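# An overview of the molecular structure
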Amino acid sequence: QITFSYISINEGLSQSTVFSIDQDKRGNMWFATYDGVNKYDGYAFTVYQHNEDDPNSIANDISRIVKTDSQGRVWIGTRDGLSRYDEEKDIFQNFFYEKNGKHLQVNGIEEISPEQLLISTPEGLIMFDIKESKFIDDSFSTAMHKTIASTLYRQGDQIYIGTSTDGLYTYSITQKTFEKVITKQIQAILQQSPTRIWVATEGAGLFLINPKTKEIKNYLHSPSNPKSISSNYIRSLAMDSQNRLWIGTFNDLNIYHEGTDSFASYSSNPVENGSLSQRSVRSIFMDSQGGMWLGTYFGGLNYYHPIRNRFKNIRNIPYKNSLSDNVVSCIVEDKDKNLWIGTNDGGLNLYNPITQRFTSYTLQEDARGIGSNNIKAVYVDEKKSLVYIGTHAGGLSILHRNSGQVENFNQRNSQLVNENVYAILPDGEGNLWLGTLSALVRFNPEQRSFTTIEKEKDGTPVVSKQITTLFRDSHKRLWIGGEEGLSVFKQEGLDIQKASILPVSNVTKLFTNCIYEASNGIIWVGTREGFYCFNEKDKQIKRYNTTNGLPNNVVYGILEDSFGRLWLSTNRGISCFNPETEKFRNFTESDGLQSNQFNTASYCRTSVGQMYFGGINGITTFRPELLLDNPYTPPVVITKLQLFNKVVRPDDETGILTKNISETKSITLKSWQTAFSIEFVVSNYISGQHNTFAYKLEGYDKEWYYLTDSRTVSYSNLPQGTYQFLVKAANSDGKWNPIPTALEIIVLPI
Amino acid sequence: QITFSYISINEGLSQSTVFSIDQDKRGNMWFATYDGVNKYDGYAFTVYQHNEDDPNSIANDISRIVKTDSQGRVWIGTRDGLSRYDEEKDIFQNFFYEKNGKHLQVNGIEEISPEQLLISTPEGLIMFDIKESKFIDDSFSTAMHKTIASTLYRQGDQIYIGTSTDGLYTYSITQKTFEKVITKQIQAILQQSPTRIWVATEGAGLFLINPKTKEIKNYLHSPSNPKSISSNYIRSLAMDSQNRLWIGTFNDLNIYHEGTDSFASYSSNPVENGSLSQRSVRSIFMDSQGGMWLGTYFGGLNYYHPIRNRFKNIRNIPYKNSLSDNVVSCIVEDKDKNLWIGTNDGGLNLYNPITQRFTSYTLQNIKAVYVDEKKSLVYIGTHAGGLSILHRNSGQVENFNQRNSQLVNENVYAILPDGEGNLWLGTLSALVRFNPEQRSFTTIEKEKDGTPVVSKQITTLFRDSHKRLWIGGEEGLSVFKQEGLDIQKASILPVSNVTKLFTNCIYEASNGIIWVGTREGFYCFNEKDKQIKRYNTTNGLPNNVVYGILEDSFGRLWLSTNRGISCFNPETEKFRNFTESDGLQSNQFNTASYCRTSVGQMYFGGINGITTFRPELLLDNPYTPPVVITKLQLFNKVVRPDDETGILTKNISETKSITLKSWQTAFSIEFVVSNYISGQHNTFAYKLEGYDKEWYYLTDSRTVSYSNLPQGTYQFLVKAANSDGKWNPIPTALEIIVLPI
Ligand SMILES: CC(=O)N[C@@H]1[C@@H](O)[C@@H](O[C@@H]2OC(C(=O)O)=C[C@H](O)[C@H]2O)[C@@H](COS(=O)(=O)O)O[C@H]1O
Ligand SMILES: CC(=O)N[C@@H]1[C@@H](O)[C@H](O[C@@H]2OC(C(=O)O)=C[C@H](O)[C@H]2O)[C@@H](COS(=O)(=O)O)O[C@H]1O
């Protein structure tokens, strides 16, 4: 099971077609597009395009190839010619090879030595001297010089050359020999082992070559066999961290299996979300983290890493057997391990986690009508094979599972006092507690009667208030909560008496959403203004709000995993809370959730251990025990320095930088230079944009300082002296980079 | 046809539920959400939530109502009480009425005088004395004091009070009288005329009240009748600029029609795009521009303005009679007014503009389409396939390639008739002539005299009014004349490097000027004098890669690029750009994806569908609001009213002149314009008087930074231009005094 992330125009990409992908010594990703050259550092895009007035820009917007050498230098192949990105000066060095009047296009770049480069043109092959910054055309033999090369690939000593019609050739650097290997055009060359070389071709298919025996094996497409490759037109080959072949074709993605000798086809699917963005793959690259990048012709980019595969989403698909409405309320698991999902505008859904099937119930024009399509509460009478439904603006609905008939109760037909049932819980005696917007109602199922509660077990007037949630603890006590607040009760038969066990606090008068009893006996209550715990042993309440590390105050539901940690649904994502450390691990929509905003009663933990959180745009389901840790902690790269908000450039009038800010070890600031803001980045693609930075200015700052949403640090009016800036990198999972990034700052007298 | 714009969580809004909407003097929109109070100016949200460590933050996040009064003071109702946003100090003044140990919630706010407010609580009705910041509870008569009010609505002198169970009341400010007008909960009250009053109720439907006759008419929902209202549970009532009533209910939106006495139901539709975000409409408000704002319980906000309603998008709908693939190539209209639409991965599509019927052809990547109307044949050019002939009357397809026929290349990109009876075929290698009567392919290699034809990739073919052939591709462009079956190079273009550029399209304008679209901009050719003028991104073009050119009725041109559509006026050389946010299929468009019907309708395809519009039917935005200076920093530290810097005592928008001391050298000035029609597509013009030599223009940013200025008095000035390019003649002024050092 493999799903992709999407990076396209809306993400900051210049043009959808990604011809070539590479990574530099800094860790930044490089993408060659039909319109521009894109640099991605894990947070922001840096689009490089041609300027007619500025010579420092790239030669042309149409780039076709990108290759990084041994030294870490980035080389681009444009229509106008060759261009190198100078990191030190943050500029482009444009080179042109003019023949017969026009400058020739660069199709492929390959390294011969740290001082030499192999360049392929639509007219032949030429060598570029790096040290002399000039092209040499009188270096190759006549047969080699006029060879039209479509692809270039190096393996240690030998560089393999794929041509348009002449098949395959090889070139030794030491011996300087040009020999054939032995109709169509070659697009990609990749070697698995000294006995296995894979060759991608235009319509000729795939070829496995054993150069030791010179034996060849062809792979073609047949429409009858789905186990074969999808298309004969292939243009990209890559190896993953798990030592597997990745095949990018004109149609779909192919992955070779060693044992079965077959291929797995991964297609562009609009229905099943998470699938490939476009059908035509053109470039595949593995970063240092191991994450696979797929460059398509129209769909932008596709990222995949096993660790980032964390959350699964369940949404409505029109004209398909799927969820009815995206606005999800209560989720209840029965004895059959099925889920009774409630919705706001779609009715009641019955979902089988194995069979993927959905069974809906809606309002009918009079017998299978459920009163209202706005479900809030669900209870399963497993012994009687009945389901009790609580709907907003409808009342109580009783479903007979073995016939499908529905009994409806409201204010006009029955003695029910309120048509808005929000919570259903068994009394233990046989009846049911009904949490409505005005009062609490007891329902006798054997008598079909509604009893409004107005008195305690001593005749203490029960305030007519809003009831949204009901909970029964291990000590068989009833918990009643709503907007008015929380309350605790005992049950002396049918009568209820308030057992005041909570200490006097204004939190008992808070908008109550949910109550959960943890495995350690501690009671946890989630309200609209944070959440808290209740330890009855000593009678204490510890409150937890946003300034404690919580993403949002409005907590809709709490769930406990195998490790004792608590999972919370808010208006701004899901939070993982460890009561011992009192720390938070937060997840947002960008991490893979249905939406940052979640909904009331939309929390469910299965008997197996799976968690289900519903919101406004569907349900997010995951296994907290199965979630993978990110082991990668990349160094911090300082991307930008601004003086008085204006960006400091190398060799600019300020004269602070002559090298790039990334290259700079120390900066000297003159008397008139008082304000500056430093922006930094971390190249973590698994964690993505969820990273913690620790900064400190040695000599000025007393302690370290932490950043979770920001990346820029501003300082002003510093005293004279020599200071040091340090910055550490924590990933999403909380692992640190021990050795920080250091840039010295020298403040001159005033 | 009514379509909405979407504003929600991803747009910057704090929480999806919008209970009430209002607007302030400055033009900022105010939204009361279940979590926080949202302030929107047209560019960014300012979210106000509670802080336990700051007493100048809104008392509670749970906001129920927002109300702006006579003087433009913003009042919020929270679960803790009543809060006012002080504009002059950019703070929040929180007030709490305490009864029985608990602070009471404010459910509704109404203005009595510029010094008095009627406040409704879940326990009765109290008053708030503005000038004295105190609640007065012994002010009203015992009957009025204990009245649980659900909605408040003032009409001139009278304030109409809708209760939860006890019906409707009216309170005159002059006579201090409190009497019932004439069973369920009233949620909204609105007066259309002195004879027409609309009442929204919770489950009791809708009521039309004529107070002069005391006659009442009830409107209820009938499930069998789709003409009636959607639901009985109603909560919002608003009138638009065209004098129409907008009714927001628990289910769907209703719009009253005067003549038929019926209602138009607008539902939440996942299939049809542009529709309502969520079924339940909570609040409806009309801005100063006339645009309608709709607050939903779960979907956020829905904006509608007829002027902004420019584009209709046609996309692929799975399991539905629609477009096959969203990546669209060439589009051709036949004599039957129908559209032959080519796709990259869905084959070929036939579309009826009136019937909405789609017809898809699969293999069981189209790039060229030509219609033979006389023989009822359709010629198809495909990539990695060749040439395909379709008989419209049988449905049989005859396809040709390199392996079966004498065709040299399987990648046909352009088809154009030769005039004799044959067809020109533009392929990635050479040009081929195809005889339809003989079924033979002839590769062109020599000219009329015998000049060798270079093997280059051909992408486009064009015929002008003078019957000349135009050949364009990656190698460049070339002009030819026909001497029978032979062709001669007629070099009418002057010697220029523009001839050797990646060509995409050629179009002859009605005036006779030839327009060529390249990947490096576009240019015109006037044969009358043989002069070429180039236009690129520095001239005002959104992107250099031009895919298609079309002319409208006025003489303007419409161009598709990688960054939207541009409207070019050759007379003034001015550009009018459009992006995805304006309502396009996508910013990126595709090659050959341009079509103008005989009617005048334009069609542009891209990577995410097709966008259709009528350039003559497009409305201009006539609003040019003043610039409001949002924020001021000092060394990237935000300057606050009455702060330690001492620069601001009023708000930055309130302040007309500031004085900067010797050690206060660096600052940044943020500004905004509230144009909800133009959205985020605006142009700012700034200049500092006495320092800047000229005016400078901004389109992306709104922040201007200065540093180390000399001593003396300077004047900052800023103007506002809408998406259409209309200017605000009067600039916003802020005086800056720099002290000697
Ligand atoms: C470089 C290569 O192998 N093929 C070039 C490719 O662009 C050709 O056709 C395009 O193929 C694809 C694709 O998925 O790769 C998409 C387009 O639909 C199709 O045009 C042709 C055409 O190139 S063009 O300049 O984009 O028109 O050229 C091949 O060399
Ligand atoms: C104030 C009013 O007229 N009705 C209150 C409802 O807003 C609350 O229920 C929600 O109503 C709606 C809606 O479309 O307006 C959607 C949502 O699904 C319902 O739960 C109701 C309970 O309040 S709460 O939101 O649960 O806190 O109280 C009604 O009085």
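By the method listed in its record, X-ray crystallography, this PDB entry was determined to a resolution of 3.40 Å.

## Digging into the pattern of salt bridges
As enumerated under the stated definition, the model contains 44 salt bridges over all chains in all. A single salt-bridge network, built from bridges that share partners, covers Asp334, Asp336, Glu382 and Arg401 of chain A.

## Examining the pairing of strand β20 (residues 186–193) of chain A
Residues and elements named next belong to chain A. Of all eight residues in β20, seven are buried; the element is thus mostly enclosed. In this structure, β20 lies alongside strand β21 (residues 196–201), joined through six bridges in antiparallel fashion. Note that in β21 the partner of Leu190 across the bridge is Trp198. Between the end of β20 and the start of β21, which pair antiparallel, lie two residues.

## A word on the site of ligand 1
By nearness alone, 14 residues border ligand 1, and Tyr34, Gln187, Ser280 and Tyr297 of chain A together with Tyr413 of chain B come closest of all. Of the chains in the model, those with residues near ligand 1 are chains A and B. At 3.0 Å from an oxygen atom of ligand 1 is found a side-chain nitrogen or oxygen belonging to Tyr34 of chain A. Here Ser280 of chain A contributes a side-chain N or O atom positioned 2.9 Å from an oxygen atom of ligand 1. Protein chains shield 74% of the accessible area of ligand 1, which is 590 Å² for the free molecule.

## Points about the environment of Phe207 of chain B
All names here are of chain B. Among the secondary structure elements, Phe207 is positioned in strand β22 (residues 206–210). Overall, the relative accessible area of 22% leaves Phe207 in the partly exposed class. Considered as a pair, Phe207 and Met286 are 79 residues apart in the sequence and their alpha carbons are 22 Å apart. Not counting residues up to four positions away in its chain, the partners in contact with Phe207 are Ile197, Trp198, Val199, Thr201, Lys217 and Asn218.

## A word on the sheet that holds strand β48 (residues 503–508) of chain B
Residue and element names in this part refer to chain B. Spatially, the four strands line up as an open sheet ordered β48-β49-β50-β51, and their pairing is antiparallel. The open sheet has two edge strands with one neighbour each: β48 and β51 (531–535). Within this sheet the neighbouring strands show an average axis-to-axis angle of 20°, counted without direction.

## Observations concerning the sheet that holds strand β47 (residues 495–498) of chain A
Residue and element names in this part refer to chain A. Pairing within the open sheet is antiparallel, and its four strands lie in the order β44-β45-β46-β47. This sheet does not close on itself; its edge strands, each paired only once, are β44 (469–472) and β47. Pairs of neighbouring strands in the sheet enclose a mean axial angle of 30°, with direction left out of account. As defined by bridge partners, β44 adjoins strand β45 (residues 478–481) across four bridges and the pair is classed as antiparallel. Bridge pairing in β45 places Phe471 opposite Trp479.

## Re the state of the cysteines
Enumeration over the complete set of coordinates arrives at zero disulfides over all chains. In this structure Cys576 of chain A is not part of a disulfide, and its nearest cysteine sulfur, from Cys514 of chain A, lies 16 Å away.

## Comments concerning the pairing of strand β23 (residues 215–219) of chain A
Residues and elements named next belong to chain A. In this sheet, β23 lies alongside strand β22 (residues 206–210) in antiparallel orientation, the contact comprising five bridges. If you follow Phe207 over to β23, its bridge partner there is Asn218. The hairpin formed by β22 and β23 contains four residues between the paired strands, and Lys214 there has a positive phi angle of roughly 60°.

## Focus on the domain arrangement of chain B
Residues and elements named next belong to chain B. If you check the domain split of chain B, you get domain 1 (1–307), domain 2 (308–618) and domain 3 (619–741). Residue-level contacts link 23 residues of domain 1 with 28 residues of domain 3. Each partner contributes to the roughly 2100 Å² buried at the junction of domain 1 and domain 3, and carbon and sulfur atoms together form 49% of this total. It is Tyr43, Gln289 and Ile307 in domain 1 that bury the most area against domain 3; as a group they hold 40% of the surface buried on that side. Where domain 1 packs against domain 3, one counts five salt bridges. As a salt-bridge pair, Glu88 and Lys650 come within 3.5 Å of each other at their nearest N and O atoms. Counting every contact that joins domain 1 to domain 3 gives 19 residue pairs in polar contact.

## Structural notes on the domain arrangement of chain A
How big an interface is tends to be expressed through the accessible area that disappears when the partners come together. All names here are of chain A. Along its sequence, chain A is organised into domain 1 (1–307), domain 2 (308–627) and domain 3 (628–750). Each of domain 2 and domain 3 was reduced to a C-alpha centroid, and the two centroids are 47 Å apart. If you look at the interface, domain 2 gives six residues, while domain 3 gives eight residues. Both faces considered, domain 2 and domain 3 share a buried interface measuring about 600 Å² in area, 35% of it formed by carbon and sulfur atoms. On the domain 2 side of the interface with domain 3, the three residues burying the most area are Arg308, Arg310 and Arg585, jointly 60% of the side's total. Our count for the domain 2 to domain 3 interface comes out at two salt bridges. The salt bridge partner of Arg310 is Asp733, with a shortest N-O separation of 3.9 Å. Taken together, domain 2 and domain 3 are joined by four residue pairs in polar contact. Tallied by class, the residues present in the side of domain 2 that touches domain 3 amount to two nonpolar, one polar and three charged.

## Description of the packing of aromatic side chains
Residue and element names in this part refer to chain A. Evaluated as defined, the whole model comprises 106 aromatic pairs over all chains. With centroids separated by 5.2 Å and ring planes inclined at 90°, the aromatic side chains of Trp293 and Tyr685 adopt a geometry described as edge-to-face. Among the aromatic residues, those joined into a ring-pair cluster are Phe31, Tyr40, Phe45, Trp293, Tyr303 and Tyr685. It is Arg64 that lies over the ring of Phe19; its NZ or CZ is 5.0 Å from the centre. Seen from the ring of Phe511, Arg528 lies directly overhead, with NZ or CZ sitting 4.8 Å from the centre.

## A word on the site of ligand 2
For ligand 2, the set of nearby residues contains 17 residues, the closest of which are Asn344 of chain A together with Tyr34, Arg235, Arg282 and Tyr297 of chain B. One of the side-chain N or O atoms of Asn344 of chain A is found 2.6 Å from an oxygen atom in ligand 2. Within the side chain of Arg235 of chain B, a nitrogen or oxygen atom sits 2.6 Å from an oxygen atom of ligand 2. In isolation ligand 2 offers 590 Å² of accessible surface; the protein chains occlude 81% of this area. Classifying every residue of the shell around ligand 2 gives seven nonpolar, six polar and four charged.

How each quantity is defined
Along every chain, residues receive numbers from 1 upward following the written sequence, which is not necessarily the numbering found in the entry; those without coordinates are excluded from display. Each chain gets a letter, beginning with A, and each ligand a number, beginning with 1, in the order they are written. In computing side-chain values, all of the structure's heavy atoms are included and hydrogens and water are not. Residues with missing side-chain atoms are left out of burial classes, side-chain pairs and their counts. By convention in these notes, a salt bridge is any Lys or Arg side-chain nitrogen within 4 Å of a carboxyl oxygen on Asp or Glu. Only protein chains enter the accessibility calculation, which uses a 1.4 Å probe; a residue is then buried when its area is under 20% of its type maximum, exposed when over 50%, and partly exposed in between. The helix and strand labels rest on DSSP assignments: H or I over at least four residues marks a helix, E over at least two residues marks a strand, and numbering proceeds from the N terminus. One requirement defines pairing of two strands: DSSP has to find at least two bridges between them. It suffices for a single heavy atom of a residue to lie within 4 Å of a molecule or strand for the residue to be listed as near it. For the purposes of these results, a polar contact is taken to be a pair of N or O atoms within 3.5 Å, where, inside protein, one atom must be able to donate a hydrogen and its partner to accept one; residues adjacent in sequence count only when each atom of the pair is a side-chain atom. A 1.4 Å probe and the Shrake-Rupley method give the accessible areas. Residues count as covered only by the protein chains that appear here. Any two residues whose heavy atoms approach within 4.5 Å are treated as being in contact. Axis definition: a line fitted to C-alpha atoms, limited for helices to the stretch in contact. Angles are taken between N-to-C directions and run from 0 to 180 degrees. The rule for a disulfide is simple: a pair of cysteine sulfur atoms within 2.5 Å. Delimitation of the domains relies on an automatic or database domain assignment. Accessible area that two parts lose when put together, with a 1.4 Å probe and added across both, is what the buried area reports. Amino acid classes used here: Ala, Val, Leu, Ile, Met, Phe, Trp, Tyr, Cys and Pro are nonpolar; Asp, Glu, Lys and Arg are charged; the rest, including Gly, are polar. Planes of paired rings set the category: under 30 degrees apart is stacked, over 60 is edge-to-face and the rest tilted, where pairs are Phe, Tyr or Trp rings (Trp by its six-membered ring) whose centres lie within 6.5 Å. Over a ring means this: the NZ of a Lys or the CZ of an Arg is within 6 Å of the ring centre and within 35 degrees of the ring normal.

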